[PDB]
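Single-structure report; data block below.
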Amino acid sequence: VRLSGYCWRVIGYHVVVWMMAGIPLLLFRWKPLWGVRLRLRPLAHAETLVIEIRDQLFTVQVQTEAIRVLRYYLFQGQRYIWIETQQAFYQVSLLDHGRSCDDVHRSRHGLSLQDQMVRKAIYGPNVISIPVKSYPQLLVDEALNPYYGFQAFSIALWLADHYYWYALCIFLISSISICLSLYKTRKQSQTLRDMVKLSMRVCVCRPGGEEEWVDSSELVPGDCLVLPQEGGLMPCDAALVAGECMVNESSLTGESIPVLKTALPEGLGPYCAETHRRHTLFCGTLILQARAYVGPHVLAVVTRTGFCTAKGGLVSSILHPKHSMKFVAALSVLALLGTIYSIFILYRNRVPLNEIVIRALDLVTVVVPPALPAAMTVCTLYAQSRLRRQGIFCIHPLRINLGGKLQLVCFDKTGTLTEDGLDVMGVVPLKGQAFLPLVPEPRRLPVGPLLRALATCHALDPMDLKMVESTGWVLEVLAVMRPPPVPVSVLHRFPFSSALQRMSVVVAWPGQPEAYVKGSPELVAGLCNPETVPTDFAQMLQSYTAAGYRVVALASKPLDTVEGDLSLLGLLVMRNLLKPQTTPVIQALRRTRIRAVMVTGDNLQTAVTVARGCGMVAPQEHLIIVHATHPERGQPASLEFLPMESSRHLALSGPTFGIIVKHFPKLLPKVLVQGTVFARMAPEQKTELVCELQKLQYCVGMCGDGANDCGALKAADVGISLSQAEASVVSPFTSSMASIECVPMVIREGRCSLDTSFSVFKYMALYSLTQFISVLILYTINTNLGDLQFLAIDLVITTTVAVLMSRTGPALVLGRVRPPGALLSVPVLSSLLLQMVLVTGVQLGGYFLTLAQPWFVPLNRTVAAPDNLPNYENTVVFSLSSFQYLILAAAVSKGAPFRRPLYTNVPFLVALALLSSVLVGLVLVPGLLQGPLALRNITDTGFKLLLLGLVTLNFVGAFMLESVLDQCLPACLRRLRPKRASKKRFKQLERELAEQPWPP
Ligand SMILES: CCCCCCCC(=O)OC[C@H](COP(=O)(O)O[C@@H]1[C@H](O)[C@H](OP(=O)(O)O)[C@H](O)[C@H](OP(=O)(O)O)[C@H]1O)OC(=O)CCCCCCC
Ligand SMILES: CC(C)CCC[C@@H](C)[C@H]1CC[C@H]2[C@@H]3CC=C4C[C@@H](OC(=O)CCC(=O)O)CC[C@]4(C)[C@H]3CC[C@]12C
Ligand SMILES: CC(C)CCC[C@@H](C)[C@H]1CC[C@H]2[C@@H]3CC=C4C[C@@H](OC(=O)CCC(=O)O)CC[C@]4(C)[C@H]3CC[C@]12C
Ligand SMILES: CC(C)CCC[C@@H](C)[C@H]1CC[C@H]2[C@@H]3CC=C4C[C@@H](OC(=O)CCC(=O)O)CC[C@]4(C)[C@H]3CC[C@]12C
Ligand SMILES: CCCCCCCCCCCCO[C@@H]1O[C@H](CO)[C@@H](O[C@H]2O[C@H](CO)[C@@H](O)[C@H](O)[C@H]2O)[C@H](O)[C@H]1O
Ligand SMILES: CC(C)CCC[C@@H](C)[C@H]1CC[C@H]2[C@@H]3CC=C4C[C@@H](O)CC[C@]4(C)[C@H]3CC[C@]12C
Ligand SMILES: CC(C)CCC[C@@H](C)[C@H]1CC[C@H]2[C@@H]3CC=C4C[C@@H](O)CC[C@]4(C)[C@H]3CC[C@]12C
Ligand SMILES: CC(C)CCC[C@@H](C)[C@H]1CC[C@H]2[C@@H]3CC=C4C[C@@H](O)CC[C@]4(C)[C@H]3CC[C@]12C
Ligand SMILES: CC(C)CCC[C@@H](C)[C@H]1CC[C@H]2[C@@H]3CC=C4C[C@@H](O)CC[C@]4(C)[C@H]3CC[C@]12C
Ligand SMILES: *[C@@H]1O[C@H](CO)[C@@H](O)[C@H](O)[C@H]1NC(C)=O
Ligand SMILES: CCCCCCCCCCCCCC
Ligand SMILES: [NH3+]CCC[NH2+]CCCC[NH2+]CCC[NH3+]
Ligand SMILES: CCCCCCCCCCCC
Ligand SMILES: CCCCCCCCCC
Ligand SMILES: CCCCCCCCCC
Ligand SMILES: CCCCCCCCCC
Ligand SMILES: CCCCCCCCCC
Ligand SMILES: CCCCCCCCCC
Ligand SMILES: CCCCCCCCCC
Ligand SMILES: CCCCCCCCCC
Ligand SMILES: CCCCCCCCCC
Ligand code: BEF
Ligand SMILES: [Mg+2]
């Protein structure tokens, strides 16, 4: 957390940095401080560049501006300013901490223009600027990968060794990949910048009157907005100081229900907005309307701006957040050994120094394939095209591999698991003091008062629209309804009073005038006569509200004068229905041991009811709600466990999650291990939960749809967006169709990308290593393959097999078993080692067998490697190795259970057959392609048949070796060291809870 400030030397550093030619790696290595120490020229008060460790290192420039002196710097989107009173930097977001509500009210009048200028210079513009970088900036930042440097070095060596064609191919691949990467990264950054941009004309009063109009960018905390009478997005965070408003906070909570925000209660005591959330207007939330009732207009004082806002925090978290495939020790040591052996034998076989250097360096490129990442990404490109053919669109194909090893999925409730809106579940008529049975659809009912009220009473508001749609009375005196009977026209109406949640309408028909009142249950029931209102109004209503539903009371009277003498006609119940495809998908995931979690901004009751309905909680499984009371400061916070109607499941609330994180760090892992519902979660709390679960060694994905769950999608390993706007920006994946079915197929696709990649990896390793071995053999006798032979091994065979072995698709089903995750696993290493023992055996045996012939004559070693050809050793070794490459490519690839069977991809098998056909033609057919490829045309037929038999033996041996390894290695692994006790943190916690269940 500590920091320091570093006050000619740049010229020396630039020369030294450029002269070293490798110090950039050392600077980019563990020790970068020296690189900054020399350049920065190492007080806090007097500095021009600051460095801070987060205990980690980060460097920032101490920006400055003139107002009468200011020194400030940005970090993670948060501004800090230097203060001379304490001679130190302070975060601007805490400049006015714990303002009293009366102090806020004292700013009822706006902010003076001079004070506006100085305060803008302090806080800065109200915009959230995304620092989009230029193309060279992106190149130096996100394309400094050392593999690209190695590829460039290998290319340069190959042009220095006359191997032009493959070097050109690798250069084209790397350049195109780099260009596409930079382009898409820039496009993503630009789109994010567009998404967060906001522009409005906002009114601000002044103490000199004449309330001016300014841009959203000019607002600073302390002036007050005159909220528009109609509505619109909120430019920043603010506190209502005069009037009431109805807001649509779907951006924070994910629900579109109107929310009432009243004025701030004037008085002493600090204003925090954690407890005054009901009196604060947040940035981005849409204002449905603003009614003053006092004074000329609604006034709301600004409190936060820019990154300080909730949207600011979310975007800041978004901006500021296999792996074992890059093992280093074995390859480095092997390359070193092979190199020193090459120099030893080469100096034993006298050849020029430059040739020795070129050969020894080229052996390194033989060892490490420069085409490996392209081979890795071919299958991900296949998977991306496959997904895009069925809706899901991806931006980072290499991310698809993470889908294979996914084991935990979080789901938003509204819009994702349930419809993005409420729907009529049914109406509950009551004749006397007893409710009649719930009616599924209100259309089939008599023409009594209840149906008339169901058809007429409305403000015509998605809710009334759904009501009118369900009742079916088509519109055609403020209206005339047609029953699909009698025509009921609306004779008079009244506005829906925001304070008293009533809406009354008086109607009449050709057949007395009658009033119908729609409102909240308890208040309207209180308006009604207790004679008709039943005894059990509290329980018939708690049965629905506790079950996540929202009830509305209908009252009536045959005609304040209107909503007086009333009798209840029924109750209309609304419900957020599960989408038709969520239960099958959820149960499909559950039967494969992929844990599903709900992370909602809704209340807990709706969350738990939906969780039970969709199958996340089986009917026989327990469920417990953990509640954490806030610390009173006399006694600490303490947890209380509440069971419900009755694998254990825990339903955690929103504030209680933060309480457990802050005051119970030790028990948080236990709760996270077996927690399934997280309700009333803030947009940052979703990201926090995702981060903690990832800290528990999980591979978490999320399928959010709304704006609130955008940071979580960015933080998740595999994020999926069901909305084509406001959330596709951050999500790696986006599905045009909006339901949970996108989740499983992606997982299936991911497994292919995680499985095929493994096979591809193995082949590449083998391709390199066997080639290395062959080179060594020839290097042992002052000979080399040949340029055309090298191209015919590197260009055609590798590219053909690598691309054609990636065509295979998934197996149409989700098994309970994940594919292997770590490339350095025992099975991978054992398979590679055994295959190479076989390959080395065949090559050395062939070499030692071809020497015992009457017709063999050794090459003369007085001549260089390429001028020794055509040559017996070269042709024999090339003939064996060329078949070996195809054998390895065929044996390495797999089929079920993660991919389709290996015999489906007819193109791959046909390619193998054709390549083997041309190779056997080269071995047998004399002098047809042996001009280009310097082969010596073995004349003895028996030896050629023996070579064919030997390579056939290698073929069958390799396939049988792979089969027996796959079908008998798990048994050996289990029988050795049976105390497995898997090292993953969540598995360890699961076992610990299994022995001793934490909730007693
Ligand atoms: C020289 C370098 C060699 C590297 C060796 C590789 C490392 C090594 O040993 O794996 C541990 C193995 C098993 O390791 P291995 O099976 O290869 O992989 C492990 C488990 O499979 C674990 O399984 P779960 O219970 O399902 O988690 C989990 O999946 C992790 O793999 P993941 O990437 O798929 O998540 C690993 O923790 O444990 C023994 O089976 C005893 C025999 C070990 C013999 C040790 C001799 C060295
Ligand atoms: C693996 C090895 C061979 C690395 C090869 C890297 C190349 C792919 C780099 C080297 C120089 C780069 C170019 C350097 C400069 C520009 C100028 C740039 O145009 C501008 O000058 C404006 C850029 C801006 O304002 O952001 C467009 C990209 C381009 C062609 C770059 C594209 C990518 C190039 C060709
Ligand atoms: C000459 C050297 C440098 C080798 C270059 C090999 C390329 C010619 C390969 C590499 C990536 C391949 C592509 C990888 C993925 C696909 C997706 C694939 O899409 C599907 O067939 C599935 C979608 C569907 O059918 O639903 C079509 C072929 C294509 C474009 C491949 C065509 C051939 C490409 C361009
Ligand atoms: C000097 C001599 C060695 C000439 C070598 C010419 C190469 C540039 C040719 C030979 C074989 C060709 C490959 C043969 C087959 C394919 C399969 C082809 O497959 C697909 O297009 C996708 C198939 C699918 O998606 O189902 C992609 C190009 C590729 C790798 C070809 C790219 C160009 C290659 C490497
Ligand atoms: C041996 C056979 C050789 C096969 C040759 C033919 C295949 C050539 C494919 C080259 C890869 C092109 O594909 C491009 O690769 C780069 C990195 O590799 C990916 O880049 C990836 O990482 C970068 C960051 O490093 C991310 O910003 C980007 O989102 C992500 O996808 C591009 O998203 C992918 O589109
Ligand atoms: C044994 C002797 C003769 C070999 C000497 C060759 C050296 C210089 C080669 C081998 C591998 C090469 C490096 C591989 C990785 C990196 C990191 C990259 O970000 C910059 C280039 C750089 C630094 C390469 C260039 C130089 C390099 C270090
Ligand atoms: C001169 C000496 C080093 C012999 C030559 C061996 C070189 C080529 C070896 C030694 C260590 C190796 C590097 C070790 C680490 C990584 C990280 C990985 O994510 C990309 C490949 C990369 C960058 C390797 C490429 C090959 C490498 C540079
Ligand atoms: C002719 C010799 C030098 C070989 C050059 C091959 C060229 C044509 C190769 C090199 C890299 C290749 C591209 C690499 C990746 C992609 C992205 C994929 O989503 C569609 C195909 C596409 C766009 C490829 C088209 C063909 C391509 C441009
Ligand atoms: C061209 C001449 C030499 C024939 C060579 C064909 C070889 C390379 C290929 C073509 C068809 C392939 C087989 C196709 C079907 C199956 C069943 C399945 O479990 C995968 C392996 C297996 C058993 C394959 C093994 C390798 C195979 C035999
Ligand atoms: C190998 O070297 C020479 C030329 O370098 C070549 O002509 C001849 O075949 C071989 N030398 C002998 C003595 O056979
Ligand atoms: C199976 C791979 C066969 C490779 C064929 C090589 C053909 C080279 C063309 C001829 C170039 C040299 C003629 C002077
Ligand atoms: N797989 C990368 C190895 C490439 N080896 C190519 C060696 C080319 C030899 N050229 C010798 C030039 C003789 N005039
Ligand atoms: C683009 C792939 C290379 C094809 C052209 C080169 C053919 C080999 C020429 C060998 C000359 C000795
Ligand atoms: C951290 C990535 C770079 C590691 C390179 C290892 C040293 C190579 C020889 C200098
Ligand atoms: C010839 C190099 C360009 C190949 C096409 C690049 C990507 C096209 C995306 C539609
Ligand atoms: C320099 C060749 C550029 C090819 C990629 C341009 C983008 C294609 C549309 C995504
Ligand atoms: C070299 C031309 C042949 C490439 C294969 C064509 C596609 C067949 C599988 C659909
Ligand atoms: C040359 C390798 C490709 C051959 C493909 C044959 C067509 C298969 C689809 C029926
Ligand atoms: C001794 C004559 C050669 C014997 C060859 C036996 C192997 C035939 C399988 C191709
Ligand atoms: C896939 C390796 C194929 C080896 C073929 C063996 C020769 C058979 C024809 C005599
Ligand atoms: C289940 C299919 C098993 C395939 C193994 C490979 C057989 C090779 C015969 C030579
Ligand atoms: F719409 Be979710 F419940 F945040
Ligand atoms: Mg939602």
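Letters A, B, ... go to the chains of the structure tokens in the order shown; residues in each chain start at 1; ligands are counted from 1 in the same order.
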
Could you produce a table of the residues of chain A lying within 10 Å of ligand 2, with the nearest pair of atoms per residue and their separation in Å rounded to one decimal, using only C-alpha atoms and all ligand atoms, ordered by chain and increasing residue number, as CSV?
```
residue,atom,partner,partner_atom_place_in_ligand_line,distance
A:132,CA,ligand 2,26 (O),9.5
A:133,CA,ligand 2,26 (O),7.0
A:134,CA,ligand 2,26 (O),3.4
A:135,CA,ligand 2,26 (O),3.8
A:136,CA,ligand 2,26 (O),6.1
A:137,CA,ligand 2,26 (O),7.5
A:138,CA,ligand 2,26 (O),8.4
A:139,CA,ligand 2,33 (C),7.6
A:143,CA,ligand 2,6 (C),8.7
A:144,CA,ligand 2,4 (C),9.6
A:145,CA,ligand 2,1 (C),9.7
A:146,CA,ligand 2,1 (C),10.0
A:147,CA,ligand 2,1 (C),8.6
A:148,CA,ligand 2,1 (C),4.9
A:149,CA,ligand 2,1 (C),6.6
A:150,CA,ligand 2,1 (C),8.4
A:151,CA,ligand 2,1 (C),6.0
A:152,CA,ligand 2,2 (C),5.0
A:153,CA,ligand 2,2 (C),8.7
A:154,CA,ligand 2,3 (C),9.9
A:155,CA,ligand 2,3 (C),7.8
A:156,CA,ligand 2,3 (C),9.2
A:167,CA,ligand 2,3 (C),9.7
A:168,CA,ligand 2,3 (C),9.5
A:170,CA,ligand 2,1 (C),8.1
A:171,CA,ligand 2,3 (C),5.2
A:172,CA,ligand 2,3 (C),7.8
A:173,CA,ligand 2,1 (C),8.2
A:174,CA,ligand 2,1 (C),4.9
A:175,CA,ligand 2,8 (C),3.9
A:176,CA,ligand 2,8 (C),6.7
A:177,CA,ligand 2,8 (C),8.0
A:178,CA,ligand 2,8 (C),5.6
A:179,CA,ligand 2,33 (C),5.6
A:180,CA,ligand 2,8 (C),9.4
A:182,CA,ligand 2,33 (C),8.5
A:183,CA,ligand 2,28 (C),9.1
A:186,CA,ligand 2,26 (O),9.1
```

* Asked: Using only C-alpha atoms and all ligand atoms, which protein or nucleic acid residues are at most 6 Å from ligand 4, as an MDAnalysis selection string?
  -> chainID A and resid 792 795:796 799:800

* Asked: When the cut-off is 10 Å and you count only C-alpha atoms and all ligand atoms, which residues lie near ligand 3, shown as a PyMOL selection string?
  -> chain A and resi 166+168-173+371+374-375+377-390+795-796+798-800+802-804+806-809

* To do: Output the neighbourhood of ligand 20 as a VMD selection string, that is, all protein and nucleic acid residues with some atom at most 9 Å from the ligand, counting only C-alpha atoms and all ligand atoms.
  => chain A and resid 883 to 884 886 to 888 890 912 to 913 915 to 917 920 945 948 to 956

Output C-alpha atoms for every residue in that selection, as a PDB file, in the first residue's frame.
```
ATOM      1  CA  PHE A 883       5.091 -42.321 -42.018  1.00  0.00           C
ATOM      2  CA  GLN A 884       5.686 -41.832 -38.296  1.00  0.00           C
ATOM      3  CA  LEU A 886       0.934 -39.605 -39.907  1.00  0.00           C
ATOM      4  CA  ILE A 887       0.912 -42.522 -37.463  1.00  0.00           C
ATOM      5  CA  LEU A 888       1.237 -40.140 -34.518  1.00  0.00           C
ATOM      6  CA  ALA A 890      -3.860 -40.657 -36.324  1.00  0.00           C
ATOM      7  CA  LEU A 912      -4.274 -39.689 -43.969  1.00  0.00           C
ATOM      8  CA  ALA A 913      -4.923 -42.340 -46.617  1.00  0.00           C
ATOM      9  CA  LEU A 915      -0.651 -38.939 -47.616  1.00  0.00           C
ATOM     10  CA  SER A 916       0.250 -42.540 -46.806  1.00  0.00           C
ATOM     11  CA  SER A 917      -0.425 -43.483 -50.438  1.00  0.00           C
ATOM     12  CA  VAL A 920       4.446 -45.535 -50.003  1.00  0.00           C
ATOM     13  CA  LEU A 945       9.220 -54.525 -47.846  1.00  0.00           C
ATOM     14  CA  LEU A 948       7.065 -51.153 -44.815  1.00  0.00           C
ATOM     15  CA  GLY A 949       6.546 -53.997 -42.355  1.00  0.00           C
ATOM     16  CA  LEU A 950       8.472 -52.155 -39.653  1.00  0.00           C
ATOM     17  CA  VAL A 951       6.410 -48.993 -40.048  1.00  0.00           C
ATOM     18  CA  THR A 952       3.219 -51.086 -40.034  1.00  0.00           C
ATOM     19  CA  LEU A 953       4.436 -52.580 -36.759  1.00  0.00           C
ATOM     20  CA  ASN A 954       4.918 -49.039 -35.467  1.00  0.00           C
ATOM     21  CA  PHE A 955       1.383 -48.132 -36.589  1.00  0.00           C
ATOM     22  CA  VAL A 956      -0.315 -51.034 -34.823  1.00  0.00           C
TER      23      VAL A 956
END
```

All residues 7 Å or closer to residue 891 (chain A), only C-alpha atoms, same chain fewer than 4 positions away omitted, as a PDB file with N, CA and C atoms, in the first residue's frame:
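Listed below is the output, result.pdb:
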```pdb
ATOM      1  N   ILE A 887       1.293 -41.551 -38.483  1.00  0.00           N
ATOM      2  CA  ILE A 887       0.912 -42.522 -37.463  1.00  0.00           C
ATOM      3  C   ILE A 887       0.593 -41.810 -36.156  1.00  0.00           C
ATOM      4  N   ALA A 958       1.537 -48.294 -31.914  1.00  0.00           N
ATOM      5  CA  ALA A 958       1.127 -47.002 -31.381  1.00  0.00           C
ATOM      6  C   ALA A 958      -0.359 -46.987 -31.054  1.00  0.00           C
ATOM      7  N   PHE A 959      -1.194 -47.513 -31.955  1.00  0.00           N
ATOM      8  CA  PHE A 959      -2.628 -47.530 -31.666  1.00  0.00           C
ATOM      9  C   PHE A 959      -2.945 -48.403 -30.455  1.00  0.00           C
ATOM     10  N   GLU A 962      -1.884 -46.553 -27.247  1.00  0.00           N
ATOM     11  CA  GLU A 962      -2.855 -45.550 -26.829  1.00  0.00           C
ATOM     12  C   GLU A 962      -4.082 -46.207 -26.211  1.00  0.00           C
TER      13      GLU A 962
END
```

Each chain A residue no farther than 10 Å from ligand 23, nearest pair in Å, only C-alpha atoms and all ligand atoms, as a tab-separated table:
```
residue	atom	partner	partner_atom_place_in_ligand_line	distance
A:250	CA	ligand 23	1 (Mg)	8.3
A:251	CA	ligand 23	1 (Mg)	9.3
A:253	CA	ligand 23	1 (Mg)	8.5
A:254	CA	ligand 23	1 (Mg)	5.1
A:255	CA	ligand 23	1 (Mg)	7.3
A:256	CA	ligand 23	1 (Mg)	9.8
A:411	CA	ligand 23	1 (Mg)	8.8
A:412	CA	ligand 23	1 (Mg)	5.4
A:413	CA	ligand 23	1 (Mg)	5.8
A:414	CA	ligand 23	1 (Mg)	4.1
A:415	CA	ligand 23	1 (Mg)	4.2
A:416	CA	ligand 23	1 (Mg)	5.4
A:417	CA	ligand 23	1 (Mg)	8.1
A:418	CA	ligand 23	1 (Mg)	8.4
A:419	CA	ligand 23	1 (Mg)	9.0
A:420	CA	ligand 23	1 (Mg)	7.2
A:599	CA	ligand 23	1 (Mg)	9.7
A:600	CA	ligand 23	1 (Mg)	7.7
A:601	CA	ligand 23	1 (Mg)	8.6
A:602	CA	ligand 23	1 (Mg)	9.7
A:703	CA	ligand 23	1 (Mg)	9.2
A:704	CA	ligand 23	1 (Mg)	6.1
A:705	CA	ligand 23	1 (Mg)	4.8
A:706	CA	ligand 23	1 (Mg)	4.3
A:707	CA	ligand 23	1 (Mg)	7.7
A:708	CA	ligand 23	1 (Mg)	7.8
A:709	CA	ligand 23	1 (Mg)	7.6
A:721	CA	ligand 23	1 (Mg)	9.8
A:722	CA	ligand 23	1 (Mg)	8.9
A:723	CA	ligand 23	1 (Mg)	9.1
```

If we count only C-alpha atoms, what is near residue 345 (chain A) at a cut-off of 12 Å, once residues fewer than 2 positions away on the same chain are taken out, given as a compact mmCIF listing (two decimals) with N, CA, C and O atoms, in the first residue's frame?
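Saved to result.txt:
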```txt
# COMPACT_ATOMS: atom_id res chain seq x y z
N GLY A 338 20.55 -31.01 -26.33
CA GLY A 338 20.64 -31.28 -27.75
C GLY A 338 21.60 -30.35 -28.45
O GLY A 338 22.38 -30.77 -29.31
N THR A 339 21.57 -29.06 -28.08
CA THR A 339 22.48 -28.11 -28.69
C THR A 339 23.93 -28.48 -28.40
O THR A 339 24.73 -28.63 -29.33
N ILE A 340 24.28 -28.67 -27.13
CA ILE A 340 25.68 -28.94 -26.80
C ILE A 340 26.14 -30.23 -27.46
O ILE A 340 27.29 -30.34 -27.91
N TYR A 341 25.25 -31.23 -27.55
CA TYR A 341 25.61 -32.44 -28.27
C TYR A 341 25.87 -32.14 -29.74
O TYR A 341 26.80 -32.70 -30.35
N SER A 342 25.05 -31.27 -30.34
CA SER A 342 25.24 -30.92 -31.74
C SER A 342 26.58 -30.22 -31.96
O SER A 342 27.31 -30.56 -32.90
N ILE A 343 26.94 -29.26 -31.11
CA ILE A 343 28.24 -28.62 -31.26
C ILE A 343 29.37 -29.62 -31.04
O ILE A 343 30.38 -29.58 -31.74
N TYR A 347 31.92 -30.23 -34.10
CA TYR A 347 33.34 -29.97 -34.00
C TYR A 347 34.15 -31.25 -34.09
O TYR A 347 35.34 -31.20 -34.41
N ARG A 348 33.54 -32.40 -33.79
CA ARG A 348 34.19 -33.67 -34.05
C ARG A 348 34.21 -34.00 -35.54
O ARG A 348 35.07 -34.77 -35.98
N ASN A 349 33.28 -33.45 -36.31
CA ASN A 349 33.21 -33.62 -37.76
C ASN A 349 33.44 -32.25 -38.39
O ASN A 349 32.50 -31.50 -38.64
N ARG A 350 34.71 -31.95 -38.69
CA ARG A 350 35.15 -30.59 -38.96
C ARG A 350 34.33 -29.89 -40.03
O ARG A 350 34.35 -30.27 -41.20
N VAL A 351 33.59 -28.85 -39.63
CA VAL A 351 32.83 -28.00 -40.55
C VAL A 351 32.91 -26.56 -40.06
O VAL A 351 33.21 -26.31 -38.89
N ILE A 356 28.12 -24.30 -38.05
CA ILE A 356 27.85 -24.87 -36.74
C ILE A 356 26.84 -24.02 -35.99
O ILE A 356 25.88 -24.53 -35.40
N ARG A 359 23.31 -24.39 -37.62
CA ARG A 359 22.70 -25.69 -37.35
C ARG A 359 22.26 -25.79 -35.89
O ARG A 359 21.15 -26.25 -35.60
N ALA A 360 23.12 -25.37 -34.97
CA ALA A 360 22.79 -25.46 -33.55
C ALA A 360 21.58 -24.60 -33.21
O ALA A 360 20.70 -25.03 -32.46
N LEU A 776 19.03 -35.36 -35.01
CA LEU A 776 20.20 -35.78 -34.26
C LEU A 776 20.89 -36.95 -34.95
O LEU A 776 22.10 -36.92 -35.17
N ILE A 777 20.10 -37.95 -35.38
CA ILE A 777 20.69 -39.10 -36.05
C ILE A 777 21.50 -38.65 -37.24
O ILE A 777 22.69 -38.98 -37.38
N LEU A 778 20.91 -37.80 -38.08
CA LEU A 778 21.63 -37.35 -39.26
C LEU A 778 22.79 -36.45 -38.86
O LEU A 778 23.87 -36.53 -39.45
N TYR A 779 22.59 -35.63 -37.83
CA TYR A 779 23.69 -34.79 -37.37
C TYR A 779 24.83 -35.63 -36.82
O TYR A 779 25.97 -35.17 -36.77
N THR A 780 24.53 -36.87 -36.42
CA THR A 780 25.59 -37.74 -35.93
C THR A 780 26.53 -38.18 -37.04
O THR A 780 27.64 -38.65 -36.75
N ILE A 781 26.13 -38.03 -38.31
CA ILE A 781 26.95 -38.48 -39.43
C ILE A 781 27.13 -37.36 -40.44
O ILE A 781 27.33 -37.62 -41.63
N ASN A 782 27.08 -36.12 -39.97
CA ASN A 782 27.35 -34.95 -40.82
C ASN A 782 26.38 -34.91 -42.00
O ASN A 782 26.77 -34.85 -43.16
N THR A 783 25.09 -34.95 -41.67
CA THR A 783 24.05 -34.93 -42.69
C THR A 783 22.81 -34.29 -42.09
O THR A 783 22.66 -34.21 -40.87
```

Rows by chain and residue number, chain A within 8 Å of ligand 11, shortest pair, only C-alpha atoms and all ligand atoms, as JSON lines:
```
{"residue": "A:788", "atom": "CA", "partner": "ligand 11", "partner_atom_place_in_ligand_line": "6 (C)", "distance": 6.5}
{"residue": "A:789", "atom": "CA", "partner": "ligand 11", "partner_atom_place_in_ligand_line": "4 (C)", "distance": 7.6}
{"residue": "A:791", "atom": "CA", "partner": "ligand 11", "partner_atom_place_in_ligand_line": "4 (C)", "distance": 7.7}
{"residue": "A:792", "atom": "CA", "partner": "ligand 11", "partner_atom_place_in_ligand_line": "2 (C)", "distance": 4.8}
{"residue": "A:793", "atom": "CA", "partner": "ligand 11", "partner_atom_place_in_ligand_line": "2 (C)", "distance": 7.6}
{"residue": "A:796", "atom": "CA", "partner": "ligand 11", "partner_atom_place_in_ligand_line": "2 (C)", "distance": 6.4}
{"residue": "A:797", "atom": "CA", "partner": "ligand 11", "partner_atom_place_in_ligand_line": "1 (C)", "distance": 7.4}
{"residue": "A:915", "atom": "CA", "partner": "ligand 11", "partner_atom_place_in_ligand_line": "1 (C)", "distance": 6.2}
{"residue": "A:918", "atom": "CA", "partner": "ligand 11", "partner_atom_place_in_ligand_line": "1 (C)", "distance": 6.1}
{"residue": "A:919", "atom": "CA", "partner": "ligand 11", "partner_atom_place_in_ligand_line": "1 (C)", "distance": 6.5}
{"residue": "A:929", "atom": "CA", "partner": "ligand 11", "partner_atom_place_in_ligand_line": "5 (C)", "distance": 6.8}
{"residue": "A:931", "atom": "CA", "partner": "ligand 11", "partner_atom_place_in_ligand_line": "13 (C)", "distance": 7.5}
{"residue": "A:932", "atom": "CA", "partner": "ligand 11", "partner_atom_place_in_ligand_line": "12 (C)", "distance": 4.9}
{"residue": "A:933", "atom": "CA", "partner": "ligand 11", "partner_atom_place_in_ligand_line": "6 (C)", "distance": 6.7}
```

* residue 48 (chain A): which residues within 10 Å, counting only C-alpha atoms, same-chain residues fewer than 2 positions away excluded, as a ChimeraX atom specification? -> /A:5-7,40,43-46,50,60-64,71

* **Residues of region 714-765 of chain A in alpha helix (DSSP H), written as a ChimeraX atom specification** => /A:714-715,742-765

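We find CA of residue 398 (chain A) and atom 31 (O, counted along the ligand's line) of ligand 5 to be spaced 5.6 Å apart.
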
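Take the candidates A:528, A:163, A:453, A:240 and check each one against ligand 13 using only C-alpha atoms and all ligand atoms; the shortest distance goes to A:163.
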
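In this comparison, which uses only C-alpha atoms and all ligand atoms, the residue of A:678, A:73, A:537, A:30 approaching ligand 22 most closely is A:678.
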
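CA of residue 391 (chain A) is found 17.8 Å from atom 10 (C, counted along the ligand's line) of ligand 15.
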